[PDB]
Amino acid sequence: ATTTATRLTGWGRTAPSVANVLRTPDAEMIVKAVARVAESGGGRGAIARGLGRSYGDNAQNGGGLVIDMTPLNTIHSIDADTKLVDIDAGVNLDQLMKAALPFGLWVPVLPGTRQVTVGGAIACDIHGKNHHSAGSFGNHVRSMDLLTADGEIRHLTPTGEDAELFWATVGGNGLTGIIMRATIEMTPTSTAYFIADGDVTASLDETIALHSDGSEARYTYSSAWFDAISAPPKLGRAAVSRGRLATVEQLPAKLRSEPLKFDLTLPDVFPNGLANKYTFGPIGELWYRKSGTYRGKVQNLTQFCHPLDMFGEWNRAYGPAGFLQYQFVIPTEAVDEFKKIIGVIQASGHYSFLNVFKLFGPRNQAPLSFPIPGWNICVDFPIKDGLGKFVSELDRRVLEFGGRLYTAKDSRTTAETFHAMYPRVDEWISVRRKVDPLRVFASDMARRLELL
Ligand SMILES: Cc1cc2nc3c(=O)[nH]c(=O)nc-3n(C[C@H](O)[C@H](O)[C@H](O)COP(=O)(O)OP(=O)(O)OC[C@H]3O[C@@H](n4cnc5c(N)ncnc54)[C@H](O)[C@@H]3O)c2cc1C
Ligand SMILES: CCOC(=O)NC(=O)c1ccsc1NC(=O)c1nc2ccccc2s1
């Protein structure tokens with residue numbers, strides 16, 4: 001065990017605050033610190049911290065305690081018959097994925113990076129490429145052990161007594177207490193590969209049409225890269241990547257002897273950089289269209305889920321240092337309003353190169369869960385004069401159109417905007433006050449967003 005004064009930021013490397021960081025692989029030492037925060041006064045409290053991949057301020061607590069959960073990383077059991085994994089909250093999804101593949105089990109929700117803790121995944125109720133077919137992370141938790149303000153460990157499940165606290169903890173940003181341990185139901189798989197279809201659209205209207213033609217129901221996974229810089233009609237054109245997990249019959253013979261195995265970058269070889277005389281004219285368009293259009297292509301995890309790994313030190317000049325990540329969802333029916341927000345973005349003078357578009361499916365019952373059925377987009381803006389004031393206008397537009405921002409990608413929204421975006425906030429706050437009357441759990445985010 002060590003306790004250290006530490007300057008913490010989120011992944012965006014902004015809004016720094018100093019906290020006493022506790023780092024111990026001893027679960028009883030964690031209980032004792034919480035018990036101490038609870039007994040001695042009220043104070044500025046405590047917040048859990050995972051791998052620090054949230055862009056915002058939800059895993060810091062200026063002048064209070066931060067409990068680093070990463071050394072609690074025991075996988076206790078995996079069972080192929082029940083499909084259940086029992087894991088400490090500090091286990092990460094990369095570690096879990098590799099540990100579970102030999103059992104023919106797949107992590108049911110994967111984010112854009114595997115460097116996230118199980119606790120972080122639950123507390124942000126993370127989503128991925130299969131949201132429309134599988135929901136978000138919290139949908140797959142069968143039990144969790146929550147260390148609450150009174151220093152007891154409550155065993156929470158999604159149904160029966162304490163369901164309310166379970167669903168307040170899902171997406172609760174650590175503010176109901178410290179998840180120590182959890183059971184996740186995994187997805188059975190016979191391979192570590194995807195079968196994928198690719199389509200490339202010419203415009204925004206084409207991108208939308210493809211996502212509302214009914215074809216989404218044929219694919220368990222689906223996401224798109226999105227042009228946010230070009231003027232219409234090119235604005236909102238997309239490289240759409242859709243697929244499902246392959247079965248072993250669908251693999252080529254060379255891969256069929258290790259169906260479950262998990263298997264030198266572009267800036268090193270074919271760089272610097274990628275452009276030629278063709279790239280920005282009609283041949284480049286044709287090439288782009290033809291290489292992004294395919295059917296029944298076998299891909300590994302890296303190809304299908306982390307296609308940004310191909311580019312190397314190039315993903316350093318697109319974040320995170322002088323960059324502001326911004327993610328929002330607009331309800332399905334507000335299609336015209338979605339197109340309107342995209343127009344506002346391209347004409348703003350703020351140029352976002354990397355844009356992830358996805359159509360979300362049904363929501364779950366967590367009051368603070370980000371995803372709702374509708375048009376989800378993530379953008380990444382260079383930090384520049386006027387950006388802060390422009391994203392405030394974006395906030396207003398998102399709110400007006402019935403949508404919301406993601407707390408994992410936010411450090412600059414107001415309490416007022418957030419509360420209007422999350423109309424079940426009062427219901428959630430009221431659960432939080434029942435389980436933490438003394439405000440033992442607190443973070444910079446809780447104070448900024450008035451969730452304390
Ligand atoms: C490159 C990149 C790609 C990403 N892609 C996606 C994506 O596709 N989809 C998506 O949904 N998200 C995505 N994210 C966001 C990320 O998945 C979430 O922010 C996730 O919560 C971070 O997990 P973490 O362990 O780093 O948690 P941290 O960032 O350390 O903490 C996040 C929150 O979880 C809480 N928390 C952490 N551990 C515990 C615990 N043991 N008990 C209680 N509360 C806890 C913290 O208190 C904090 O409120 C991405 C982030 C990056 C940097
Ligand atoms: C679709 C896979 O995309 C990625 O490779 N992710 C990235 O590298 C990346 C880098 C910084 S932020 C980020 N990705 C994201 O924040 C993503 N959000 C969603 C939402 C739904 C479906 C897929 C994604 S990926």
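If you read the sequence from its start, that first residue is 1, and numbering goes on from there. Counting convention: from 1, in listed order, for ligands and their atoms alike. All values below were derived from every heavy atom in this structure, side-chain atoms included, with hydrogens, water molecules and symmetry-related copies excluded.
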Crowding at CD, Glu427 (>12 non-hydrogen neighbours, <6.0 Å):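 It does: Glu427 CD has more than 12 such atoms within range.
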Atom NZ of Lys384 with >12 non-hydrogen neighbours under 6.0 angstrom: yes
I'd like to know if the side chain of [X] pairs up with that of [Y] as donor and acceptor (distance under 3.5 Å, no hydrogens or angles considered).
{"X": "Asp213", "Y": "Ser215", "result": "yes"}
{"X": "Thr413", "Y": "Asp410", "result": "no"}
{"X": "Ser133", "Y": "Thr220", "result": "no"}
{"X": "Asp395", "Y": "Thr417", "result": "no"}

State if [X] counts as touching ligand 1 under the rule of any non-hydrogen atom under 4.0 Å.
{"X": "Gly177", "value": "yes"}
{"X": "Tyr55", "value": "yes"}
{"X": "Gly128", "value": "no"}
{"X": "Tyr406", "value": "yes"}

Sub-6.0 Å ring centroid separation between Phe323 and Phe353: no
Residue pair [X] / [Y]: nearest heavy atoms and the distance that separates them:
{"X": "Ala366", "Y": "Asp125", "value": "CB-OD2, 4.5 Å"}
{"X": "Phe194", "Y": "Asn300", "value": "CD1-O, 4.3 Å"}
{"X": "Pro367", "Y": "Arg363", "value": "O-NH2, 4.3 Å"}

Electrostatic pair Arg397:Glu337 at N-O distance under 4.0 angstrom: no
Ionic contact status for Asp57 with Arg412, cut-off 4.0 Å: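 No, no charged N to carboxylate O under 4.0 Å.
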Test applied, side-chain hydrogen bond (donor to acceptor under 3.5 Å, both in side chains); reference residue, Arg23; option that passes from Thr2, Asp68, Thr6: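 The side-chain hydrogen bond (donor to acceptor under 3.5 Å, both in side chains) with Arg23 is passed solely by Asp68 among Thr2, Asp68, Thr6.
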Option from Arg242, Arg244, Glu216 for which side-chain hydrogen bond (donor to acceptor under 3.5 Å, both in side chains) with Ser222 holds: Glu216
Does any N or O atom in [X] lie less than 3.5 angstrom from one in ligand 1, N or O only?
{"X": "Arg53", "value": "yes"}
{"X": "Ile179", "value": "yes"}
{"X": "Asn173", "value": "yes"}
{"X": "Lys409", "value": "no"}
{"X": "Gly120", "value": "yes"}
{"X": "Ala123", "value": "no"}
{"X": "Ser54", "value": "yes"}

Nearest-neighbour protein heavy atom for [atom], which is reported as residue plus atom name and distance:
{"atom": "atom 44 (N) of ligand 1", "result": "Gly174 CA, 3.4 Å"}
{"atom": "atom 2 (C) of ligand 1", "result": "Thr113 CG2, 3.5 Å"}
{"atom": "atom 23 (O) of ligand 1", "result": "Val116 CB, 3.4 Å"}
{"atom": "atom 24 (P) of ligand 1", "result": "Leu51 N, 3.4 Å"}
{"atom": "atom 33 (C) of ligand 1", "result": "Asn58 ND2, 3.6 Å"}
{"atom": "atom 15 (C) of ligand 1", "result": "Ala408 CB, 4.1 Å"}
{"atom": "atom 25 (O) of ligand 1", "result": "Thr117 OG1, 2.6 Å"}

With atoms numbered from 1 as shown, which atoms in ligand 1 lie under 4.0 angstrom from a non-hydrogen atom of [X]?
{"X": "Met69", "answer": "41 (N)"}
{"X": "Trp11", "answer": "53 (C)"}
{"X": "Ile47", "answer": "47 (O)"}
{"X": "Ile178", "answer": "42 (N)"}

If you count the atoms of ligand 2 from 1 in the order shown, which ones are under 4.0 Å from a heavy atom of [X]?
{"X": "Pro307", "answer": "5 (O)"}
{"X": "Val356", "answer": "19 (C), 23 (C), 24 (C), 25 (S)"}
{"X": "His127", "answer": "20 (C), 21 (C)"}
{"X": "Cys305", "answer": "2 (C), 5 (O)"}

With heavy atoms under 4.0 Å as the rule, classify the contact between [X] and ligand 1 as side chain, backbone, both or neither.
{"X": "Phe370", "answer": "neither"}
{"X": "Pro111", "answer": "both"}
{"X": "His127", "answer": "both"}
{"X": "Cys124", "answer": "side chain"}

Intermediate values then yes/no, side-chain contact (heavy atoms from CB on, under 4.5 Å), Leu72 and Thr24: CA-CA 8 Å; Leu72 251 89; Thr24 172; over 6 Å; no
Contact check, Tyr55 vs ligand 2, heavy-atom distance below 4.0 Å: yes
Residue selection (non-hydrogen contact nearest [atom]) among [options]:
{"atom": "atom 30 (O) of ligand 1", "options": "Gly12, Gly112, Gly50, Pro371", "result": "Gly50"}
{"atom": "atom 31 (O) of ligand 1", "options": "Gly10, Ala89, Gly52, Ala59", "result": "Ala59"}
{"atom": "atom 39 (C) of ligand 1", "options": "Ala48, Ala46, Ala121", "result": "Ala48"}
{"atom": "atom 17 (O) of ligand 1", "options": "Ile126, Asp57, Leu147, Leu308", "result": "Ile126"}
{"atom": "atom 21 (C) of ligand 2", "options": "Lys358, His306, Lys409", "result": "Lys358"}

Ring geometry between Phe381 and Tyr326 (parallel below 30°, tilted from 30 to 60°, perpendicular above 60°): tilted
Aromatic plane relationship, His127 with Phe370 - under 30° parallel, 30 to 60° tilted, over 60° perpendicular: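 Answer is tilted, since the angle falls between 30° and 60°.
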Gap between atom CZ of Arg114 and atom CG of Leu301 - 0.5 Å precision: 5.0 Å
Reported OH-to-CG distance for the pair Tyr55 and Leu324, which is rounded to 0.5 angstrom: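 Going from the OH atom of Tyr55 to the CG atom of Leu324 covers 10.5 Å.
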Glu450/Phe418 under side-chain contact (heavy atoms from CB on, under 4.5 Å): CA gap, chis, key distance, verdict: CA-CA 9 Å; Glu450 286 170 33; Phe418 184 84; over 6 Å; no
